[PDB]
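Have a look at my_file06.txt; it's compact mmCIF, N, CA and C atoms:
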# COMPACT_ATOMS: atom_id res chain seq x y z
N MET A 1 0.86 -1.20 0.00
CA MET A 1 0.00 0.00 0.00
C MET A 1 0.89 1.24 0.00
N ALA A 2 0.35 2.37 0.43
CA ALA A 2 1.09 3.63 0.47
C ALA A 2 1.91 3.74 1.75
N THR A 3 2.43 2.60 2.19
CA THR A 3 3.23 2.52 3.41
C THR A 3 4.58 3.20 3.27
N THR A 4 4.79 4.23 4.08
CA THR A 4 6.04 4.97 4.09
C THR A 4 6.75 4.77 5.42
N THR A 5 8.05 5.03 5.47
CA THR A 5 8.79 4.86 6.71
C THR A 5 8.54 6.04 7.64
N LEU A 6 7.69 5.81 8.63
CA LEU A 6 7.32 6.81 9.61
C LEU A 6 7.88 6.42 10.98
N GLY A 7 7.99 7.40 11.87
CA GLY A 7 8.50 7.13 13.20
C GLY A 7 7.47 6.47 14.10
N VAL A 8 7.82 5.31 14.63
CA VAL A 8 6.93 4.55 15.51
C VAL A 8 7.69 4.15 16.77
N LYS A 9 6.98 3.85 17.84
CA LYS A 9 7.61 3.48 19.09
C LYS A 9 7.72 1.96 19.20
N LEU A 10 8.95 1.48 19.25
CA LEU A 10 9.22 0.05 19.35
C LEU A 10 10.39 -0.20 20.30
N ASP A 11 10.26 -1.22 21.14
CA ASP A 11 11.33 -1.59 22.06
C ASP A 11 12.33 -2.44 21.29
N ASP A 12 13.59 -2.46 21.72
CA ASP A 12 14.61 -3.28 21.04
C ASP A 12 14.16 -4.75 20.97
N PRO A 13 13.80 -5.39 22.11
CA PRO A 13 13.33 -6.78 22.10
C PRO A 13 12.03 -6.91 21.30
N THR A 14 11.20 -5.88 21.35
CA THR A 14 9.95 -5.86 20.62
C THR A 14 10.25 -5.84 19.12
N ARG A 15 11.26 -5.07 18.74
CA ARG A 15 11.68 -4.97 17.36
C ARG A 15 12.09 -6.36 16.88
N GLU A 16 12.84 -7.05 17.73
CA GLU A 16 13.28 -8.41 17.44
C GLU A 16 12.06 -9.33 17.37
N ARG A 17 11.10 -9.09 18.26
CA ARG A 17 9.88 -9.87 18.29
C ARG A 17 9.18 -9.73 16.94
N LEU A 18 9.21 -8.53 16.37
CA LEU A 18 8.61 -8.33 15.06
C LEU A 18 9.31 -9.21 14.04
N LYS A 19 10.64 -9.32 14.14
CA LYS A 19 11.38 -10.18 13.22
C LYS A 19 10.94 -11.62 13.44
N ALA A 20 10.80 -11.98 14.70
CA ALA A 20 10.34 -13.30 15.09
C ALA A 20 8.92 -13.51 14.59
N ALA A 21 8.11 -12.46 14.68
CA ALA A 21 6.74 -12.49 14.21
C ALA A 21 6.75 -12.72 12.71
N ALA A 22 7.70 -12.06 12.06
CA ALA A 22 7.88 -12.19 10.63
C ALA A 22 8.19 -13.63 10.30
N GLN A 23 9.11 -14.18 11.06
CA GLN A 23 9.52 -15.57 10.90
C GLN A 23 8.37 -16.52 11.23
N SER A 24 7.61 -16.17 12.26
CA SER A 24 6.46 -16.97 12.68
C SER A 24 5.36 -16.98 11.62
N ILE A 25 5.23 -15.87 10.90
CA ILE A 25 4.19 -15.74 9.88
C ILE A 25 4.79 -15.91 8.48
N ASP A 26 6.08 -16.25 8.45
CA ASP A 26 6.82 -16.48 7.21
C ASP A 26 6.80 -15.26 6.29
N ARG A 27 7.04 -14.10 6.87
CA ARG A 27 7.08 -12.85 6.12
C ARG A 27 8.39 -12.12 6.41
N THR A 28 8.86 -11.32 5.46
CA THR A 28 10.10 -10.57 5.64
C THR A 28 9.83 -9.36 6.53
N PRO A 29 10.79 -8.97 7.40
CA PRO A 29 10.64 -7.81 8.29
C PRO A 29 9.95 -6.61 7.64
N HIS A 30 10.33 -6.28 6.40
CA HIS A 30 9.71 -5.15 5.70
C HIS A 30 8.21 -5.38 5.55
N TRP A 31 7.85 -6.57 5.07
CA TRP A 31 6.46 -6.96 4.87
C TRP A 31 5.77 -7.11 6.22
N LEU A 32 6.45 -7.77 7.14
CA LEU A 32 5.92 -8.00 8.47
C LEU A 32 5.64 -6.70 9.18
N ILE A 33 6.58 -5.78 9.14
CA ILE A 33 6.42 -4.51 9.83
C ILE A 33 5.20 -3.77 9.29
N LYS A 34 5.06 -3.78 7.97
CA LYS A 34 3.93 -3.14 7.32
C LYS A 34 2.63 -3.79 7.79
N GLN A 35 2.59 -5.11 7.71
CA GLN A 35 1.41 -5.84 8.12
C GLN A 35 1.25 -5.83 9.63
N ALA A 36 2.33 -5.80 10.38
CA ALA A 36 2.24 -5.81 11.83
C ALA A 36 1.38 -4.67 12.31
N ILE A 37 1.58 -3.51 11.73
CA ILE A 37 0.80 -2.35 12.11
C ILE A 37 -0.54 -2.28 11.35
N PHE A 38 -0.52 -2.59 10.06
CA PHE A 38 -1.74 -2.56 9.25
C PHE A 38 -2.64 -3.74 9.58
N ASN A 39 -2.06 -4.91 9.73
CA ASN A 39 -2.83 -6.10 10.08
C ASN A 39 -3.33 -5.92 11.49
N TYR A 40 -2.60 -5.12 12.28
CA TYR A 40 -3.06 -4.84 13.62
C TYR A 40 -4.40 -4.17 13.48
N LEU A 41 -4.47 -3.25 12.52
CA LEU A 41 -5.69 -2.54 12.23
C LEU A 41 -6.74 -3.53 11.73
N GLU A 42 -6.30 -4.45 10.87
CA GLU A 42 -7.18 -5.47 10.30
C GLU A 42 -7.79 -6.36 11.38
N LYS A 43 -6.98 -6.71 12.38
CA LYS A 43 -7.46 -7.56 13.47
C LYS A 43 -8.51 -6.88 14.34
N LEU A 44 -8.33 -5.60 14.60
CA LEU A 44 -9.28 -4.86 15.43
C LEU A 44 -10.49 -4.37 14.63
N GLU A 45 -10.35 -4.31 13.31
CA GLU A 45 -11.43 -3.85 12.44
C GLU A 45 -12.54 -4.89 12.33
N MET B 1 7.23 0.87 28.45
CA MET B 1 8.35 -0.08 28.31
C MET B 1 9.55 0.64 27.70
N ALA B 2 10.47 -0.12 27.12
CA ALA B 2 11.68 0.45 26.51
C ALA B 2 11.42 0.86 25.06
N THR B 3 10.22 1.35 24.82
CA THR B 3 9.80 1.77 23.49
C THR B 3 10.53 3.01 23.02
N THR B 4 11.27 2.87 21.93
CA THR B 4 12.00 3.98 21.35
C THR B 4 11.43 4.31 19.97
N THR B 5 11.70 5.50 19.47
CA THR B 5 11.19 5.89 18.17
C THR B 5 12.04 5.27 17.06
N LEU B 6 11.50 4.20 16.48
CA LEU B 6 12.16 3.46 15.41
C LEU B 6 11.39 3.65 14.10
N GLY B 7 12.05 3.39 12.99
CA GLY B 7 11.41 3.53 11.69
C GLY B 7 10.49 2.38 11.37
N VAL B 8 9.23 2.69 11.11
CA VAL B 8 8.22 1.69 10.78
C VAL B 8 7.48 2.10 9.51
N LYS B 9 6.86 1.15 8.84
CA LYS B 9 6.14 1.44 7.61
C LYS B 9 4.66 1.68 7.90
N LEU B 10 4.21 2.90 7.62
CA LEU B 10 2.83 3.29 7.84
C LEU B 10 2.34 4.16 6.69
N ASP B 11 1.11 3.92 6.25
CA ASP B 11 0.51 4.73 5.20
C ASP B 11 -0.04 5.99 5.83
N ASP B 12 -0.17 7.07 5.06
CA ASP B 12 -0.72 8.33 5.59
C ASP B 12 -2.10 8.09 6.21
N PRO B 13 -3.07 7.50 5.46
CA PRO B 13 -4.40 7.22 6.01
C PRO B 13 -4.33 6.22 7.16
N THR B 14 -3.37 5.31 7.08
CA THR B 14 -3.16 4.32 8.13
C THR B 14 -2.69 5.02 9.40
N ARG B 15 -1.81 6.01 9.22
CA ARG B 15 -1.30 6.78 10.33
C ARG B 15 -2.47 7.47 11.03
N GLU B 16 -3.37 8.03 10.23
CA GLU B 16 -4.56 8.68 10.73
C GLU B 16 -5.45 7.65 11.41
N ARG B 17 -5.50 6.45 10.83
CA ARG B 17 -6.29 5.36 11.38
C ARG B 17 -5.78 5.06 12.78
N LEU B 18 -4.46 5.10 12.96
CA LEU B 18 -3.89 4.87 14.28
C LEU B 18 -4.41 5.93 15.25
N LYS B 19 -4.51 7.18 14.78
CA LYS B 19 -5.04 8.24 15.63
C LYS B 19 -6.48 7.92 15.98
N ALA B 20 -7.21 7.49 14.97
CA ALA B 20 -8.60 7.08 15.12
C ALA B 20 -8.68 5.90 16.07
N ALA B 21 -7.72 4.98 15.93
CA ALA B 21 -7.64 3.81 16.79
C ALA B 21 -7.41 4.26 18.21
N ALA B 22 -6.56 5.27 18.34
CA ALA B 22 -6.26 5.86 19.62
C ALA B 22 -7.53 6.41 20.23
N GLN B 23 -8.26 7.13 19.41
CA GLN B 23 -9.53 7.72 19.81
C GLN B 23 -10.55 6.64 20.13
N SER B 24 -10.55 5.58 19.32
CA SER B 24 -11.47 4.46 19.51
C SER B 24 -11.18 3.71 20.81
N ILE B 25 -9.91 3.66 21.20
CA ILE B 25 -9.51 2.95 22.40
C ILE B 25 -9.24 3.92 23.55
N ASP B 26 -9.52 5.19 23.29
CA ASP B 26 -9.37 6.26 24.28
C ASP B 26 -7.93 6.39 24.77
N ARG B 27 -6.99 6.33 23.84
CA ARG B 27 -5.58 6.45 24.16
C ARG B 27 -4.93 7.53 23.30
N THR B 28 -3.88 8.16 23.80
CA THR B 28 -3.18 9.20 23.05
C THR B 28 -2.30 8.55 21.98
N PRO B 29 -2.14 9.19 20.80
CA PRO B 29 -1.31 8.66 19.71
C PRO B 29 0.01 8.04 20.19
N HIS B 30 0.71 8.71 21.10
CA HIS B 30 1.98 8.19 21.61
C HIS B 30 1.77 6.83 22.26
N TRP B 31 0.77 6.76 23.14
CA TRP B 31 0.42 5.53 23.84
C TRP B 31 -0.15 4.51 22.87
N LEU B 32 -1.03 4.97 22.00
CA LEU B 32 -1.67 4.13 21.01
C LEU B 32 -0.66 3.50 20.09
N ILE B 33 0.25 4.31 19.58
CA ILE B 33 1.26 3.81 18.64
C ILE B 33 2.09 2.73 19.30
N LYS B 34 2.48 2.97 20.54
CA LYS B 34 3.26 2.00 21.29
C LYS B 34 2.47 0.71 21.44
N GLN B 35 1.24 0.84 21.89
CA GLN B 35 0.38 -0.32 22.08
C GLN B 35 -0.06 -0.90 20.75
N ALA B 36 -0.23 -0.09 19.73
CA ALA B 36 -0.68 -0.58 18.44
C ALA B 36 0.24 -1.66 17.94
N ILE B 37 1.53 -1.44 18.09
CA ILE B 37 2.50 -2.42 17.66
C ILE B 37 2.75 -3.49 18.74
N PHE B 38 2.85 -3.08 20.00
CA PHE B 38 3.09 -4.01 21.09
C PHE B 38 1.85 -4.83 21.39
N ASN B 39 0.69 -4.18 21.41
CA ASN B 39 -0.56 -4.88 21.65
C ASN B 39 -0.83 -5.77 20.46
N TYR B 40 -0.28 -5.39 19.30
CA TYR B 40 -0.42 -6.23 18.14
C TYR B 40 0.22 -7.55 18.49
N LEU B 41 1.37 -7.45 19.14
CA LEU B 41 2.09 -8.62 19.58
C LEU B 41 1.27 -9.36 20.63
N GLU B 42 0.66 -8.60 21.53
CA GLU B 42 -0.17 -9.15 22.61
C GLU B 42 -1.36 -9.94 22.04
N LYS B 43 -1.96 -9.42 20.98
CA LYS B 43 -3.11 -10.06 20.35
C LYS B 43 -2.75 -11.39 19.69
N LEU B 44 -1.60 -11.43 19.03
CA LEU B 44 -1.17 -12.65 18.35
C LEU B 44 -0.53 -13.65 19.31
N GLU B 45 -0.05 -13.17 20.46
CA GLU B 45 0.57 -14.04 21.45
C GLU B 45 -0.48 -14.93 22.11

Same coordinates, now as structure tokens:
Amino acid sequence: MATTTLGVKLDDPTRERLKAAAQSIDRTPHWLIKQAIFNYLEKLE
Amino acid sequence: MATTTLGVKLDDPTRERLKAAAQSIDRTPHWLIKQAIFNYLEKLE
């Protein structure tokens, strides 16, 4: 989508967790990060 | 937590959605953004 690199609040271990999340969902950090926040929206929507 | 301002991928409308999400969950963007990504982790955990 129109996903741009914006400033977000993430903890170092949390950042790693996102990588792990990426690995858990078989997605690359770039894709995972995008979906982590957007899919977050998708989950609550 | 140890949430620091890191680079994340967010769309302009998505960014606004986070504000809306903040408003929907009665949290401030700073708090919402932190929880949006961390709570995202909480939801999938």

Any idea what the distance is between CA of residue 23 in chain A and CA of residue 15 in chain B? 24.8 Å

Quick one: which residues from chain B are at most 8 Å off chain A, using only N, CA and C atoms, as an NGL selection string? :B and (1-14 or 17-18 or 30 or 32-41)

Tell me, in Å to one decimal, how far atom N of residue 16 in chain A is from atom C of residue 22 in chain B.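 Separation of atom N of residue 16 in chain A and atom C of residue 22 in chain B: 24.5 Å.
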
Assign secondary structure with DSSP using the backbone only, and return the residues of chain B in strand (DSSP E or B) as a PyMOL selection string. chain B and resi 3-11

Name the residues of chain A that come out as helix (DSSP H, G or I) in a backbone DSSP run; write them as a list in words.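 Here are the helix (DSSP H, G or I) residues of chain A: residues 12, 13, 14, 15, 16, 17, 18, 19, 20, 21, 22, 23, 24, 29, 30, 31, 32, 33, 34, 35, 36, 37, 38, 39, 40, 41, 42, 43 and 44 of chain A.
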
What are the centre and edge lengths in Å, to one decimal, of the axis-aligned box around all listed atoms of range 17-24 of chain B with 8 Å added on each side, as JSON?
{"center_x": -7.7, "center_y": 6.0, "center_z": 15.8, "size_x": 23.6, "size_y": 20.5, "size_z": 26.0}

Separation of atom C of residue 42 in chain B from CA of residue 19 in chain A in Å: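 Computing it gives 15.5 Å between the two atoms.
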